[PDB]
Each structure stands twice: as C-alpha cells, then as structure tokens.
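Accompanying notes for the structure given below.
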Amino acid sequence: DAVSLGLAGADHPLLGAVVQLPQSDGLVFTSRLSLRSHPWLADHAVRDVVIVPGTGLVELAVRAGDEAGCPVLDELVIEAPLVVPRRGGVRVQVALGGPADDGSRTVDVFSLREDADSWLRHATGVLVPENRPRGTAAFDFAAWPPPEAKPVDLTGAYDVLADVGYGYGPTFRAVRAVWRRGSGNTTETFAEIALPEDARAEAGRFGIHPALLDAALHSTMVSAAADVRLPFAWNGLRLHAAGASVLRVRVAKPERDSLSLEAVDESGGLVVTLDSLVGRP
Amino acid sequence: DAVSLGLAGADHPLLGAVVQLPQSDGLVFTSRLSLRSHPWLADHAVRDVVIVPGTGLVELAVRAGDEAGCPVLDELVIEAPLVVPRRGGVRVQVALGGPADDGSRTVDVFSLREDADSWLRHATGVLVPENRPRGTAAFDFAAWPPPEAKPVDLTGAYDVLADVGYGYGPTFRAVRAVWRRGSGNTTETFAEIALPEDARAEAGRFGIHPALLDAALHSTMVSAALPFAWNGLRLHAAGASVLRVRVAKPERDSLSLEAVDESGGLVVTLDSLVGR
C-alpha cells in the first residue's frame, strides 16, 4: 500500500509509487520489476537476455511527464539496457526534475539490481508542456491499405528475426500485416498492429503498451526479414490517445539512419506520433 | 511492501519508506501519520490542536542523517507546525540533499494534508558527519542532585500548563523531579525524566523518543508553572527512556541541554534551542 507509506499509487502496470519532491518541485516514480511479477517482459529478449524495450522506457517517461503536465517527449536518449534478471527483482526509478522557465523538465531512468551497490542510468531526456495539441492524423489512414502499397508475406519473418538475435515472444509478435511503397529514402512502411488477447487487459492500463509501440516500429524489420540494433535517440514523441490495442501505422525515413511514426486507432483517431528515432548497433 | 513498490522500509516508528535519489545523490523518507496509526501523537497538543513536537522533527532529521552518514544536526529551523488531523492521515516527507564537499547535507521536512494541493514546509536545516571523538559529559551528573540546587514541588504543574494551552497527555508528562539553581537568566534546571510505562517499552525503537527529549526541555516550563532554531544537536546513545538532565540558558531567549542515562552515559547534547 503506497498510501500507508506516505506515497501515492502510480496506478500503472510498470510503476509502483509516485511521490512529489517539494524541495525541488520535482517528483519520482518507483517500481520493482521481476519476471515473476511482470512475466510478459520475458517476451522481449535480445540474445536470450530479458531487457526492457526502449518503448517501455518511453512509456515510463511519458507517464512521469503527464503527472506534471509535461506530456511531450522532446528528447530521450537510451544509454544502457535495463536488464531484467531471470530471478529476483530490479528496482526502477523515474526521476523528473523541476520545471525550467519554459516549463521543460529533465527525466532520467535508473535501476538498482538487488545485488548492486550503485544505480545504473538507462535513459535521460526532456519533457515539455503541450503548447498546442495536434488534431487529426496527417496521413490519409482512411484509404487503407494505401494505394500502390504492395503487401509483404510475413510467413517466417519473426523466425528470421529470432535467428539474427531479436527474441520476440507472443506479447510482442503483434505485426499483423505489412505493406511497402517506394524504394530508397522515400520508403514508406504500412502495418496493422494488434496485441494478442493475452495483453489486452494490460494494454488498457498503459499510455501505450510498450509491445504495441515496439511492434509499430519493428514492422520495418519484419518487413526486411521477409526481404542487432537498439533504439538510440528519440525525438518528438507524443501520445495522443491512451490505452489502445490495435493500430494502423505509417513508418518513414526523415534521414537515412532514422524513422518517423504516425499511428491511428481503428476509428481513425491519432494515437502516437514520433518525429525522429535514431538507432545504434 | 515497500520493497514491492521499489523502495526500502525505513524501520522507524514514524517513517514508512526511504529511497535514494540518484538524480541528486539525495534521499527521501516518506511517511503517513494519523492518530489511529500513532495514538501517542495525540498527547502533544497546543490549544487543542495536535502538533508533532519540534523534537519529533529533530528525531526524523537525525534518523535521515543516520541513513547517509550525517548523524549530527548542525542546525534545524522550525517554520510551520506539523498539524496531525483528528481523523485521516497527513503525509510527511523528509528530504535530504546531496553531500557538499563537507559531507554536509541539507534537510527539509514537508507535509501534505488530505486535500491540500500544496506542501507545507515545517523545518529546514543542515546535517553533518560525526567528526568528533565519542562525547564526555561536561557536567558532573554523579553528584546528584547538584549542590545548592533546590527541589521544586511539581504538584499541579502540568495542569497549570494545560490551562495556558499546553496539552501534554500521558506520554509527554515525563518530568518526574526538578531541582532549580539560581534565578532569571542564570538558572540551571536539573530534572529526572522518565517515559511512562507504555512509551517506555517502545523507546528502543527510537533514536530518542520525541516525548523524552520534549520533556527534557519542557522541564523548564513545568518548573516555572513552540521553539524556532535548533543548533548543535548530537545524539550520543540510542533508545533511552530515562534521563538526568541539565538545562541552562546560553542567552535569555535560549536553552542548552546535556542529558545522561541512569548509568551516567551521555545521551544527548544540544548547544542551543532559540525562541523567537
């Protein structure tokens, strides 16, 4: 019970408690993750090591920002994998700094393994207030699949990814269809993403289920696998509608090493936009 | 429970949890106080309002320091009283800053009532590492009561103060005997302080029970029948339940304290508590 200890409950599937820090006008979220308390984390493992996806860190950051009325993820840099131990727990912390004059806050994500004597930083970034909302998706998701987009046969793809090193279990195998359009840096990837029924109830409690956001982006790899790197730098991430479980997505390339994302729900309402994601080996 | 949520248990009767803050090398202790959870708190009330004693805030500050290797309270300035609701809880926070080159750390005590939208600060101060050898009492407590000190009949004294608006309940009525030496600004107050039966058993849970320290200092009020800045408090021994005490006045508006246990061992020294 968070409240009997003098904190508030985070009401969130990955986070335990939040407490304000009146001294700095900041706040801090606390959590303990394990494979026994969060079994579905086992469904994202890179070379058989369970690591919290980049998208899980994004969700944590945006949940913290939203607590303080700074829902926009201006920037997030992923420093070091948040390894979940195959037995035991790891203590997690999301730290939100006090507001600057523009109202922007720093956000950092830390972890402390049961064995450890020092915390490890996993991500550091900046959340900003929403000065001006978006309204509707820019891309025409109503004309679907998009004209002249060629469907990709997905048969075998998630196996070919596992071989290369990407171990997506059932929770993350959410790419239902992929179409492709264009060739070079003008490549567009379109996909339908739907979480398996096992993840559905959880999905509703997230801002966006990290597996839904991960699949939205890893559709590009699934696309390629039918003919390792991790997310490095996130820029301009906004969550527009909470708790989705099924998406239509367009993924494109602003530069040769980067992705942008727009995703809508089946009613055509915006769910997530991402200005830029840069990756690294 | 705390570990479940990503914190550590505080193992202190007035604190719930503690967590490090790697963003700042600080740490934060969290708590919820209520008269249901902490019934003895009701025994410290001013004009019918339950206030966490100033000594309570000292006890939390030093416990927070202990956590970080900064056990000595260089300074604590009390700002707004920490009111305990008659029903439902009040959220308390003790915030400890990162270390200076000193090793010294800031300490701040806040609270949040059940629907306020803002925190109130109650106390702010500085903790420092223990850089001095184990303490020796300056005063000869073994010659007791002191030469030329006069006994003070305490009959009805607590009741006097209760009409003035100091509601000391059973837990806080711990002054047992008082001797007085001198008068006005030069007076030394010598007292035997003992927690009552029920708080006495629990005293081992505290650094020093806030009622015991409160009574150590309010022996002056009892003898005569909410302070501001603490300076230079060292807790030499933990878990005391009975004291011999000398309270003196460094300045006409302040008190100083030395206290020893029944065996003569130093328990707590306090350079000054100032009123203003």
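Tell me, how many Å apart are the Cα centres for the stretch A:1-53 and for the stretch B:31-72?
Answer, in whole Å: 29.
Can you sort B:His209, A:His12 from fewest to most other Cβ atoms within 10 Å of each residue's own Cβ?
Least to most surrounded, the residues fall as A:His12, B:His209.
Which is farthest toward the positive dipole end of the stretch A:140-281 among A:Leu217, A:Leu161, A:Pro147, measuring Cα position about the Cα centre, with Cβ charges +1 (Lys, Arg) and -1 (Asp, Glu)?
Farthest towards the positive end: A:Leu217.
Could you give the size of the charge dipole of the protein assembly as shown about its Cα centre, using +1 on the Cβ of each K and R and -1 on the Cβ of each D and E, expressed in debye and rounded to the nearest 20?
In total the dipole reaches around 280 debye.
Which one of A:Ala68, A:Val107, A:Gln93 has its Cα pushed farthest toward the positive end of the charge dipole of the stretch A:26-119, where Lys and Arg give +1 and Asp and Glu give -1 at the Cβ?
Looking along the dipole axis, the top candidate is A:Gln93.
About its Cα centre, how strong a charge dipole does the stretch A:1-71 have in debye, to the nearest 20, once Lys and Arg get +1 and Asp and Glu get -1 at the Cβ?
The dipole of the stretch A:1-71 has a size of about 240 debye.
Around A:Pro196, with a cut-off of 14 angstrom between Cβ atoms, what is the net charge of the other residues, counting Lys and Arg +1 and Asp and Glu -1?
Charge balance in the 14 Å sphere: -3.
At 0.692 mPa s and 37 °C, plugging the Kirkwood radius over alpha-carbon pairs of the stretch B:1-152 into Stokes-Einstein gives what diffusion coefficient in µm²/s? Numbers along the way, then the final one.
Values: Rh = 17.2 Å.
Once the numbers are plugged in, D ends up at 191 µm²/s.
Counting other beta carbons within 10 Å of each residue's own, what order do A:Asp163, B:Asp214 fall into, fewest first? Don't skip to the end; give the middle numbers.
Numbers: A:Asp163 8, B:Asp214 25.
Final ranking by Cβ density, sparse to dense: A:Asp163, B:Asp214.
Suppose only helical runs count, i.e. DSSP H with n ≥ 4. What mean residue ellipticity at 222 nm does that imply for chain B under -39500 (n - 2.57) per run, divided by all residues and rounded to the nearest 500 deg cm²/dmol? Please report the intermediate quantities before stating the final value.
Details: 5 runs with 48 residues, N = 276.
That calculation yields -5000 deg cm²/dmol at 222 nm.
Counting other Cβ atoms within 10 Å, which trypsin sites (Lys or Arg not before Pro) in the stretch A:1-108 have at most 16 and lie in a DSSP loop?
A:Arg36, A:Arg47, A:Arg86, A:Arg87
Report, in cubic angstrom per residue, the convex hull volume of the C-alpha atoms of the protein assembly as shown. Before the final figure, lay out the partial values.
Numbers: hull volume 92.5 nm³, N = 557.
Dividing the Cα hull volume of the protein assembly as shown by its residue count gives 166 Å³.
So what's chain A giving for Cα Rg divided by 2.2 N^0.38 Å, two decimals?
So chain A has a normalised radius of gyration of 0.98.
How large is the charge dipole for the stretch B:148-276, taken about the Cα centre, if only the Cβ atoms of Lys, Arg (+1) and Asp, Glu (-1) carry charge, to the nearest 20 debye? Let's see the in-between values first.
Numbers: 13 positive and 16 negative charges, 49 e Å.
Once rounded to the nearest 20, the dipole reads 240 debye.
Quick query: amide H of A:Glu114 versus all other amide H atoms, modeled in the peptide plane; which residues come in under 5 Å with a sequence gap of 5 or more or a different chain?
A:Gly89, A:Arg91
Please compute the average number of Cβ atoms from other chains found within 10 Å of each residue's Cβ in peptide B:10-22. Intermediate results must be reported in sequence, preceding the final value.
Numbers: counts 2, 0, 0, 0, 0, 2, 7, 8, 1, 8, 7, 9, 11.
Rounded to a whole number, the mean comes out at 4.
For peptide A:115-128, what's the mean number of Cβ atoms from other chains within 10 Å of each residue's Cβ?
1
From the backbone phi of the stretch B:165-172, what are the Karplus-calculated ³J(HN,Hα) couplings (6.51 cos²θ - 1.76 cosθ + 1.60, θ = phi - 60°) in whole Hz, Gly and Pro given as x?
x, 9, x, 7, x, x, 4, 9
When the Karplus curve 6.51 cos²θ - 1.76 cosθ + 1.60 is applied with θ = phi - 60°, which whole-Hz ³J(HN,Hα) does each residue of the stretch A:147-164 get, with x for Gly and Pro?
Running phi through 6.51 cos²θ - 1.76 cosθ + 1.60 with θ = phi - 60° gives x, 6, 7, 8, x, 9, 6, 8, 2, x, 4, 5, 7, 5, 6, 4, 4, 4 Hz.
What's the average, rounded to a whole number, of partner chain beta-carbon atoms within 10 Å of each residue's beta-carbon in A:130-143?
Shielding by partners across A:130-143 averages 0.
Each residue of the stretch A:253-266 in order: what ³J(HN,Hα) in whole Hz does its phi give by Karplus 6.51 cos²θ - 1.76 cosθ + 1.60, θ = phi - 60°, with x for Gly and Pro?
10, x, 9, 6, 10, 10, 10, 10, 9, 10, 9, 10, 7, 5
Considering the dipole of chain B built from charges on the beta carbon (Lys and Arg +1, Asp and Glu -1) around the Cα centre, which of B:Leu127, B:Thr186, B:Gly239 is farthest to its positive end?
Sorting the options by dipole projection puts first B:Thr186.
Computed from the coordinates by the stated procedures, all read-outs in this text should not be read as laboratory data. Counting neighbours? That spans all protein chains shown, and the Cβs are built from the backbone with ideal geometry, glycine included.
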